[PDB]
Amino acid sequence: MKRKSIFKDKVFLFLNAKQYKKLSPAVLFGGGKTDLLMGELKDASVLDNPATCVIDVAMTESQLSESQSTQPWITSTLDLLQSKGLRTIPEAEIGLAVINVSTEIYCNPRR
């Protein structure tokens, strides 16, 4: 049977209000913790601590063929979170790591 220790001793904040409703139970079956807030970064303790993350949308799906008019984008919030202290990890890499049971560096915001 599949691993049940995907994010066993980790928590995250998701920067998305819709995919969250399935990512939450998926990661809970994965053993980990999830929250939905986009302004909790008001204080950087959510980045400084060793086991919290912030989750970006699958913005990595953006095709160079039409990037001028593609809806997903590298919004300033990603760079602001980098400036605070952490990466905003794409949900797409969570899906890959859930498929392969390999939450090693795919979904690590601090590395």
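Residues numbered from 1 in each chain as written, not as in the entry; some residues may be left out. Heavy atoms only, no water.

As summarised from the PDB record, the model derives from solution NMR.

Peer 1: Lay out the sheet that holds strand β1 (residues 11-14) in plain terms, naming residues and giving numbers.
Peer 2: Within a beta sheet, neighbouring strands are joined by backbone hydrogen bonds and run either parallel or antiparallel to one another. In spatial order, the strands read β2-β1-β3-β4; together these four strands make up an open sheet with parallel pairing. Strands at the two margins of the open sheet, each flanked by one partner only, are β2 (33-35) and β4 (88-90). Neighbour-to-neighbour, the strand axes of the sheet open up by a mean angle of 35°, direction not taken into account. When β1 meets strand β3 (residues 52-56), the two strands line up parallel, connected through four bridges. Note on β3: the bridge partner recorded for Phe14 is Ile55. Lying on the sheet, helix α1 (residues 20-29) is in contact with β1, β2 and β3; it crosses β2 at an angle near 160°. (Pairing = 2+ DSSP bridges. Helix = DSSP H or I, 4+ residues; strand = E, 2+ residues; numbered from the N terminus. Axes fitted to C-alpha atoms, helices over the stretch in contact; angles between N-to-C directions. Contact = heavy atoms within 4.5 Å.)

Peer 1: Got a sec to walk through the pattern of salt bridges? Specific residues and values, please.
Peer 2: As enumerated under the stated definition, the model contains two salt bridges in all. We note a salt bridge from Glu104 to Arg3, for which the minimum N-O separation is 2.8 Å. Of this pair, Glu104 sits in the segment after α4 (91-100) while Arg3 sits in the segment before β1, and the two are 101 residues apart along the sequence. We classify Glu104 as partly exposed; its relative accessible area is 49%. Looking at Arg3, the relative accessible area reads 28%, which means it is partly exposed. (Salt bridge = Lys/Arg side-chain N within 4 Å of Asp/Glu carboxyl O. Buried < 20%, exposed > 50% of the residue type's maximum accessible area, 1.4 Å probe, protein only.)

Peer 1: Any chance you could break down the packing of aromatic side chains for me, citing the residues and the numbers?
Peer 2: Two descriptors summarise a pair of aromatic rings, namely the distance from one centre to the other and the angle between the planes of the rings. Inspection of the entire model under this criterion finds one aromatic pair. Ring centres of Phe7 and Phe12 lie 6.1 Å apart, and the angle between their planes is 85°; on these two criteria the pair is classed as edge-to-face. Per residue, the accessibility class of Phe7 equals that of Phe12, and both read buried. (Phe/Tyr/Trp six-rings, centres within 6.5 Å; stacked < 30°, edge-to-face > 60°.)

Peer 1: An account of the pairing of β3 is needed here, citing residue identities and associated values.
Peer 2: Burial runs high along β3: five of the five residues are buried. Bridging between β3 and β4 involves three bridges; their strand directions are parallel. Directly across from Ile55, in β4, lies its bridge partner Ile89. In this region the chain leaves β3, passes through helix α3 (residues 76-84) and returns to the parallel neighbour β4; the handedness of that crossover is right-handed. (Right-handed = clockwise from strand over helix to strand, strands pointing away.)

Peer 1: Residue-level account of the environment of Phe12, with values.
Peer 2: Residue position: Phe12 is located in strand β1. Along the sequence, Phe12 and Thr60 sit 48 residues apart, while their C-alpha atoms lie 19 Å from each other. In this view, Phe12 contacts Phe7, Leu23, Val27, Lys33, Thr34, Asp35, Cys53 and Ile55; residues no more than four positions away in its chain are not counted.

Peer 1: With reference to specific residues and values, describe the side chain of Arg87.
Peer 2: Mapped onto the fold, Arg87 is located in the loop between α3 and β4. Polar side-chain contacts of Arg87 include one of 2.7 Å to the side chain of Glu93. Setting aside anything within four residues of it in sequence, one finds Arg87 in contact with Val54, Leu81, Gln82, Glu93, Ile105, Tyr106, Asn108, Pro109 and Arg111. (Polar contact = N/O pair within 3.5 Å; in protein donor to acceptor, adjacent residues only side chain to side chain.)

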